[PDB]
**Q** 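Take this structure, written in structure tokens, and hold onto it; I'll ask about it next.
Excluded from the calculations below are hydrogen atoms, water molecules and symmetry mates; all remaining heavy atoms, backbone and side chain alike, are included. Order of the sequence lines sets the chain letters (A, B, ...), proteins ahead of strands, with each chain counted from 1.
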Amino acid sequence: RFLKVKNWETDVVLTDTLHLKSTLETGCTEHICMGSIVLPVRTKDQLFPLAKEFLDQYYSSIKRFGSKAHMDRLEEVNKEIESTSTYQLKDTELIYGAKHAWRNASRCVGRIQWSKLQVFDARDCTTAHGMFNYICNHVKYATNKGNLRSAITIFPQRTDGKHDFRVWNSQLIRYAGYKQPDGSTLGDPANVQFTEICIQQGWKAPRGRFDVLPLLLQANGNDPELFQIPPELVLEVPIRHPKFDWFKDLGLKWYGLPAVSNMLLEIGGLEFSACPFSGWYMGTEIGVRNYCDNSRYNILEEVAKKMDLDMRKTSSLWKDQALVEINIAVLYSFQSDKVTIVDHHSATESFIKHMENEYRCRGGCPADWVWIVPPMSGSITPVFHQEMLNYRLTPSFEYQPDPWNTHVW
Amino acid sequence: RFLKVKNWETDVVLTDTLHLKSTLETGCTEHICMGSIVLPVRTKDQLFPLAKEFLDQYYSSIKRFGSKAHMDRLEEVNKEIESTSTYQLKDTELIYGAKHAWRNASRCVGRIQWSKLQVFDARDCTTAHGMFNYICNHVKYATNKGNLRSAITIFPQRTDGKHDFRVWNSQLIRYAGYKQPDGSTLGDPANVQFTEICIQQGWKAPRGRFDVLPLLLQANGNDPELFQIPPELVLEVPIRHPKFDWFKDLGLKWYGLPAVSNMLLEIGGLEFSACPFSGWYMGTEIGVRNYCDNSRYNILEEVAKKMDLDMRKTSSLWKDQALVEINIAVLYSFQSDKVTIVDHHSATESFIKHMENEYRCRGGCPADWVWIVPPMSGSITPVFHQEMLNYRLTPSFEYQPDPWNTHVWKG
Ligand code: HEM
Ligand code: HEM
Ligand SMILES: Cc1cc(N)nc(C[C@H]2CNC[C@H]2NCCNCCc2cccc(F)c2)c1
Ligand SMILES: Cc1cc(N)nc(C[C@H]2CNC[C@H]2NCCNCCc2cccc(F)c2)c1
Ligand SMILES: C[C@H](O)[C@H](O)[C@H]1CNc2nc(N)[nH]c(=O)c2N1
Ligand SMILES: C[C@H](O)[C@H](O)[C@H]1CNc2nc(N)[nH]c(=O)c2N1
Ligand SMILES: [Zn+2]
């Protein structure tokens, strides 16, 4: 019932009590652990307990638990559900809901920042053109000329589920992917299917390695439409190395703003299916995953060749050498251009501090070790040595089906 | 029930049916994942089911399920249990059981090797000196002058839990760790407590950075006894770097033979509390953890100093740089001395091949991702991209508490 987690590097032990509030299921059982698995409307009756549970935590957080304003609010929501079959969040509840969805994201190493999130209320939005305007303003505000600020923009909540707002893109800013007659792939292979839906919806693709995708915005369950983010709002960094002069000849660049736009935000049983949110990069996301994944840009082979390393035996660790340098270059490039970026030592150090705060201040912190530990130098970052408990709290961000599997035309 | 695992580099989807034979519990619930927690006397009653299940396993595998010889052996084990309250494994069953414990070890990346395992039966052993002897022969056979061979030596099973065979060292070969007045440590910090004990028992401590510890051996529930492994049996590798000539002057070496000795082997209900086993190192065990953990030898600073890296901001990746070079040195040094070692690229690639084979032949392969993925360069090894399912099969290796915590001293 009361659980301990130990850090094996510091011997510091923490007691978790927050897990007993978890509602949703993990994928695991007593018989099987699904820890490494990437992926393991409401009626009037389902919605009300959800609303109450949420409002209860809200009013407790503002130290007004059991007060007349608490009781009255519970009344008003119940009455709205009974007659309208849904309800509207107050601004204050919405800000709180969003922030706690981030506080609760067990896969996010950057949650020390959870309270500093700028919430843009876009529930008055009605069209795709409106969505586009909200998005460009988010993108510009968050970017802040390279001094990035965390933000989320929240579109209208789901109704009967035939009137969903969706950003089709997986991030507001991503690069196209094209399959070539050559049999290979130019650009980001992670994006082929989506790039094809952009060309099939009308986009003129420049057919480059780094083509910023057009936004595919769906309002009120309507057919999605294309828009191009003003190029001057897309801050990109050319990638160079502080010692290797030849590194820039690789042609590499990345965008400054990581902004996830395909997730579904659940607050008090209400479902916000379009809720693009953004912060700033940890270096490894680009240098390790985007650049070096075999299924991504896959440049290790080419980089190692430029450093003149022995690629005949895996045991020369040429991959590992090239990986370090690629990641040095990413960090250096973002820093030289004054675009906020955090390295994995710094991020994990910070997440450790954040865990300790969440344990004393909340009695816990759901954390997913498989995602928290960076994809390089795992054991030299402190999160490696830290036991974590993983459980699902609400409010939350969740994955949801790609809209094209779902929405018909 | 048919559970699927996806590989996200390759899109290969595998179907697990073998988790259906898992009995032991994982620590996880529908409400909580304990996937990253390190550590989450039997009666007649529970024993025959465990025996029966184990022997059904054995007999199926040799294609004799339901045979007269299978039925006779069930009957004979049955009788032996109600008459003596325990039972004895045939040699063939011990061999088969010890291989399977390794096969079922979900935290072990080395399992493509599982069928090649040298089983030494030390169930006739009765004294600590007997154990010393059996262990030396293990060390020599397994070392094989650098061409390492996998082995396990199996001492008599638990009886009333009052007459346990324990090897008290965590590995047959490890270096001492000495805590100084000033708070520093000399030698391996992880063996401090266990060194203290040895000192206490009578070991005269050399007090250097790589003193190979004595064996502290318990036979038959008796107080444990000190012994020195013959130094000529302890193969070591001095660590140097192919390009960095200053690297040798760091003074580093490691031993060639990793041989876990503190684990409990369970076969068909029986508990072998002394079953030291050995294979050969993946490089990162030494170069990442033993050398570079902050709680271990912690040589990152001193290595990055000597490479003259920019050490004033973590963002130069100076740690990542030094870490790679040290790991290059470890593999270089082993290869040059013809001591078996495997790098983490080759080890993980082999395991994927193993794992795929296991799904195809056996219907699954339980695997602990948190353990399988190497502690450096995670996502450039294919295991990182591999979904895994963790579950508990017997026969099995398990943790047990440390003997000094439980042992009832006689004097
Ligand atoms: C501010 C700096 C931030 C950093 C350094 C950061 C870091 C990360 C990293 C490294 C991941 C792993 C993602 C991957 O590898 O694909 C992640 C996941 C995630 N982050 Fe954060 N994050 C930040 C801000 C935010 C914000 C502002 C939110 C929401 C308000 C958020 C919500 C999430 C969610 C829901 C996931 C899991 C996504 C998934 O499962 O695919 N993050 N984060
Ligand atoms: C032959 C080459 C082998 C290699 C390279 C290898 C590699 C590894 C590695 C890297 C680990 C994780 C250990 C750690 O970081 O603490 C491990 C754990 C383990 N291995 Fe293997 N192994 C090998 C052979 C064997 C053998 C012969 C056995 C027993 C028959 C075995 C049984 C286990 C068990 C039970 C664990 C879990 C240890 C624990 O949970 O603390 N392995 N192995
Ligand atoms: C907000 C924020 C800040 C930050 N630094 N980093 C992030 C993760 C972003 C950026 N870099 C990767 C991307 N990650 C979010 C997308 N994750 C897909 C995971 C996935 C894939 C396939 C099937 C699934 F069920 C799940 C977000
Ligand atoms: C047989 C074999 C071969 C190989 N290559 N590698 C091995 C693992 C060994 C060597 N390098 C580390 C060690 N691993 C086994 C002991 N590890 C500690 C597990 C542990 C720690 C603390 C608390 C616990 F509850 C459990 C075995
Ligand atoms: C199979 C495995 O779950 C998958 O590769 C995970 C592992 N850890 C991860 N961790 C992070 N942060 N991001 C990821 O995309 C992944 N992928
Ligand atoms: C807390 C966490 O589970 C712990 O540090 C684990 C992580 N993965 C590991 N993996 C291996 N192979 N060996 C280890 O000692 C550990 N330690
Ligand atoms: Zn689990």
**Q** Within the supplied structure, the quantity of interest is the number of heavy atoms (other residues, nucleotides, ligands) at a distance under 6.0 Å from B:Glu76 CD; does it exceed 12?
**A** yes

**Q** Kindly determine whether B:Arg158 and B:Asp164 satisfy salt bridge (charged side-chain N to carboxylate O under 4.0 Å, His left out), including the steps that lead there.
**A** CA-CA 5 Å; B:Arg158 173 168 302 154; B:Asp164 290 345; 3.1 Å; yes

**Q** Check B:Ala367 against B:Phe351 and note the closest heavy-atom contact, atom names and distance.
**A** CB-CZ, 4.0 Å

**Q** Could you check whether any side-chain N or O of B:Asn169 sits under 3.5 Å from a backbone N or O of B:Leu172, counting only pairs where one atom can act as donor and the other as acceptor?
**A** no

**Q** Tell me if a side-chain donor or acceptor on A:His385 pairs with a main-chain N or O of A:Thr10 at a distance below 3.5 Å.
**A** no

**Q** Can you tell me how far the CZ atom of B:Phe48 sits from the OG1 atom of B:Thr43, to the nearest 0.5 Å?
**A** 14.5 Å

**Q** If you take all heavy atoms of B:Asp188 and B:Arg174, which pair is closest and at what distance?
**A** OD2-NH2, 4.2 Å

**Q** Walk me through whether B:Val109 and B:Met282 qualify under side chain to side chain contact (heavy atoms under 4.5 Å, CB included).
**A** CA-CA 9 Å; B:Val109 77; B:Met282 179 166 76; 4.1 Å; yes

**Q** Is it true that B:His100 and B:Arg103 share a donor-acceptor pair across their side chains at a distance under 3.5 Å?
**A** yes

**Q** Just by distance, do the side chain of B:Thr381 and the backbone of B:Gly378 share a donor-acceptor pair under 3.5 Å?
**A** yes

**Q** Any side-chain donor-acceptor pair under 3.5 Å between B:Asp337 and B:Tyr332?
**A** no

**Q** Do the non-hydrogen side-chain atoms of B:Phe165 and B:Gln218 ever get within less than 4.5 Å of each other?
**A** no

**Q** Using 0.5 Å steps for rounding, measure from the OG atom of B:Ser278 to the OH atom of B:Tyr141.
**A** 9.5 Å

**Q** Any chance you could lay out the side chain to side chain contact (heavy atoms under 4.5 Å, CB included) test for B:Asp56 and B:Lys52, step after step, and finish with the verdict?
**A** CA-CA 6 Å; B:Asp56 290 5; B:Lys52 187 187 189 293; 3.3 Å; yes

**Q** Does the side chain of B:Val119 come within less than 4.5 Å of B:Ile154's, by heavy atoms?
**A** yes

**Q** Dump the intermediate steps for side chain to side chain contact (heavy atoms under 4.5 Å, CB included) on B:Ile352 and B:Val383, then the final yes or no.
**A** CA-CA 7 Å; B:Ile352 282 312; B:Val383 289; 4.1 Å; yes

**Q** At what distance, to the nearest 0.5 angstrom, does CD1 of B:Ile229 lie from CD1 of B:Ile135?
**A** 8.0 Å

**Q** Just by distance, do the side chain of B:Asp343 and the backbone of B:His345 share a donor-acceptor pair under 3.5 Å?
**A** yes

**Q** Between B:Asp121 and B:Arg123, does the salt bridge (charged side-chain N to carboxylate O under 4.0 Å, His left out) criterion hold? Intermediate values first, please.
**A** CA-CA 6 Å; B:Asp121 185 346; B:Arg123 293 176 294 177; 2.8 Å; yes

**Q** If you apply the rule side-chain hydrogen bond (donor to acceptor under 3.5 Å, both in side chains), what do you find for B:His163 with B:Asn222, and how did you get there?
**A** CA-CA 7 Å; B:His163 289 74; B:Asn222 289 315; over 6 Å; no

**Q** So, using ring-ring contact (aromatic ring centres under 6.0 Å, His included) as the criterion, who are the partners of B:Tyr291 when residues are at least two apart?
**A** B:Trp254

**Q** For B:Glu75, look at atom CD and say whether over 12 heavy atoms of other residues, nucleotides or ligands are found less than 6.0 Å away.
**A** no

**Q** Any luck finding a side-chain donor-acceptor pair between B:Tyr255 and B:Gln171 under 3.5 Å?
**A** yes

**Q** Check whether any side-chain N or O of B:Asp402 sits under 3.5 Å from a backbone N or O of B:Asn405 as a donor-acceptor pair, and report yes or no.
**A** no

**Q** Applying side chain to side chain contact (heavy atoms under 4.5 Å, CB included), name anything that partners A:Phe2, two or more places apart in sequence or on another chain.
**A** A:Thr15, A:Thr17, A:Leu20

**Q** Centre of A:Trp8's six-membered ring, under 6.0 Å away, within 45 degrees of the axis: is that where NZ or CZ of A:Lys6 sits?
**A** yes

**Q** Would you please say whether a donor-acceptor pair under 3.5 Å links the side chains of B:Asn390 and B:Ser106?
**A** yes

**Q** Among B:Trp404, B:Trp168, B:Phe227, exactly one meets side chain to side chain contact (heavy atoms under 4.5 Å, CB included) together with B:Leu216. Which residue is that?
**A** B:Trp168

**Q** Considering all heavy atoms of both residues, which atom of B:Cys28 and which atom of A:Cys28 are nearest to each other, and what is their separation?
**A** CB-CB, 3.5 Å

**Q** For the backbone of B:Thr126 and the side chain of B:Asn220, can you confirm whether one donor and one acceptor N or O come within less than 3.5 Å of each other?
**A** no

**Q** Would you compute the distance between atom CG of A:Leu317 and atom NE2 of B:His344 and round it to the nearest 0.5 angstrom?
**A** 5.5 Å

**Q** Any side-chain donor-acceptor pair under 3.5 Å between B:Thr86 and B:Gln157?
**A** yes

**Q** State, without any angle test, whether B:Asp211 and B:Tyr178 hold a side-chain donor-acceptor pair at a distance under 3.5 Å.
**A** yes

**Q** Between B:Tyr96 and B:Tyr58, is the gap from one ring center to the other below 6.0 Å?
**A** yes

**Q** I need the minimum non-hydrogen distance between B:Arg289 and A:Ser379, along with the two atoms involved.
**A** CD-OG, 3.5 Å

**Q** Mark yes or no for whether B:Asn327, through its side chain, and B:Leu323, through its backbone, hold a donor-acceptor pair below 3.5 Å.
**A** yes

**Q** Rounded to the nearest 0.5 Å, how far apart are CZ of B:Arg240 and NZ of B:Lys248?
**A** 11.0 Å

**Q** Treating B:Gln113 as the side-chain partner and B:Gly110 as the backbone partner, does any N or O pair qualify as donor plus acceptor under 3.5 Å?
**A** no

**Q** Tell me yes or no: between the side chains of B:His19 and B:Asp16, is some donor less than 3.5 Å from an acceptor?
**A** yes

**Q** If you round to the nearest 0.5 Å, how far is CZ of B:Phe120 from SG of B:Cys125?
**A** 14.5 Å

**Q** Is it the case that B:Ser184 and B:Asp182 place a side-chain donor and acceptor less than 3.5 Å from each other?
**A** yes

**Q** Would you sort out whether B:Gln88 and B:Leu270 count as a side chain to side chain contact (heavy atoms under 4.5 Å, CB included), showing the intermediate values?
**A** CA-CA 9 Å; B:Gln88 293 304 314; B:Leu270 308 178; over 6 Å; no

**Q** Picking from B:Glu398, B:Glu25, B:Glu266, what satisfies salt bridge (charged side-chain N to carboxylate O under 4.0 Å, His left out) with B:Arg392?
**A** B:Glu398

**Q** For B:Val212, which residues count as a side chain to side chain contact (heavy atoms under 4.5 Å, CB included) partner, sequence neighbours excluded?
**A** B:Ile173, B:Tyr175, B:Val234, B:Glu236

**Q** Would you name the heavy atoms of B:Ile341 and B:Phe334 that are closest together and state the gap between them?
**A** CG2-CB, 3.3 Å

**Q** Is there a donor-acceptor contact under 3.5 Å from the side chain of B:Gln400 to the main chain of B:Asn262?
**A** yes

**Q** Check for a donor-acceptor pair, side chain of B:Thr153 on one end and backbone N or O of B:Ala122 on the other, with a separation under 3.5 Å.
**A** no

**Q** Check B:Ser115 against B:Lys99 and note the closest heavy-atom contact, atom names and distance.
**A** O-NZ, 3.0 Å

**Q** Given salt bridge (charged side-chain N to carboxylate O under 4.0 Å, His left out), test B:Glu196 with B:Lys179 step by step and report yes or no.
**A** CA-CA 9 Å; B:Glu196 289 180 13; B:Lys179 191 78 127 151; over 6 Å; no

